[PDB]
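Single chain ahead, written as structure tokens, the form deposited in one PDB entry.
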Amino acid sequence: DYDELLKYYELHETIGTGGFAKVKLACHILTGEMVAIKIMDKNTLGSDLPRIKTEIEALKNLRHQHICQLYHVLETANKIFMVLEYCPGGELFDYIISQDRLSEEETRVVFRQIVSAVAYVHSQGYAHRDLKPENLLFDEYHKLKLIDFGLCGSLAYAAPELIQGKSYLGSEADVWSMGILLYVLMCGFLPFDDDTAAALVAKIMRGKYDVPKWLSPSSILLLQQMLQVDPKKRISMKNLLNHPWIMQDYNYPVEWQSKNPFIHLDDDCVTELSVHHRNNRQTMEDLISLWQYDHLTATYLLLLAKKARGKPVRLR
């Protein structure tokens, strides 16, 4: 049901077409700020509902310039609504297809932002496990924002040890997938590809792939370090952050740390919320500090975004 949602948000156009989910552009009424709302059906989700809730819980603990920001989670009889940072530039998937393949220097700029996000995810004790172009969006500055739940599919990006149900480290699986991503960025097609799941997979397990003639020697060396079938021989995130290829154009290690972490509550945002809710500062801070990802969380976070853009920190 939509009763609660529409008290807080005005719905605009659909932006996301999917199979288990829809995505709507929306306006957050109190702040006037645009958001994307992902709409998931519980019946559709079935016994994956508890897994989806565990992931939403993980997203609540991520705060990062290259990770899509969560504002609000609203659950009803049949739906879960996720209110997220609107990324207007669309999927990296569509960008790659539109350009054929990216120059080495553009792929480096983009790949550094992927590494930044993923390194941060690992630092917080998590792994993504479904990295692929459909799970990376561009914002209006053409900076990447990591998402999940975007839809042989992601089989082509799955690490061999992942593919055969065996024991694996999430971080190592993410490095493999980042290797596939690197290849597609520079080539515009997959390193392992086929018409059937059995064939695609055999290919993945063998680890052999063509090396198009336009790939630089240094690109080739990095790809072989990321696409090692044996996870033990795969390059670590530590060594990726300051890899020679990664630093070839911009001679600094990847800035993976959050640039915007939550330290203490922003006083200006607390002030505006206090006047609006007719509360004193202490009781308002106490409410916000629960971090329930309810409408209050959403309003706090959206006021914070307003302040970052130099806009009056004000509620309509």
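Between two forms, the rigid core is the largest collection of C-alphas that superpose within 1.5 Å. In case it trips you up, residue 1 is the first one in the sequence shown, and so on.
Note that the form deposited in another entry isn't included here; everything after this is about it.
Relative to the superposed rigid core, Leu59 undergoes a CA displacement smaller than 2 Å between the shown form and the other one. Core-aligned CA deviation for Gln257 between the shown form and the other one: less than 2 Å. Positional change of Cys68 between the shown form and the other one stays under 2 Å at the C-alpha, relative to the superposed core.
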